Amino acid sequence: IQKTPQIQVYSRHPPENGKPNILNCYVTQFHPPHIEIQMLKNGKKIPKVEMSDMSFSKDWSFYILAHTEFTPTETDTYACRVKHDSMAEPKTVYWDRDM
């Protein structure tokens, strides 16, 4: 089955510049399982991102969380880039701190 991934980017706590937090990129509802997920800080890949909470729903689509610790600043921007067979090209979803 070919199901396009839903990509959600969010912080653990409402962002406050200068305070430790956690950034999350939850990639869901996809199939097949092969997938590439990168978290980016100012356009550059973040190293040592932790992958967790892998699972599947009743319809068998996959769910997985990428996360990393981070301290937001006023200027730094973050995003999550995903490559999956259901998409001709990589999809990038930016963190919207005002959502």
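Only the largest set of C-alpha atoms that superpose within 1.5 Å between the two forms is called the rigid core. Just count from 1 along the sequence shown to find any residue number.
Fitting each structure in 7 other deposited structures of this protein onto the rigid core and averaging C-alpha distances over structures and residues, 55-63 emerges as the more displaced of 36-44 and 55-63. Here 65-73 and 46-54 are scored by the root mean square distance of their C-alpha atoms in 7 other deposited structures of this protein, with each structure fitted by the rigid core; the higher score goes to 46-54. If you average the C-alpha B-factors over 61-69 and over 40-48, the higher value belongs to 40-48. When the two stretches 22-30 and 70-78 are set side by side, the higher mean Cα temperature factor goes to 70-78.
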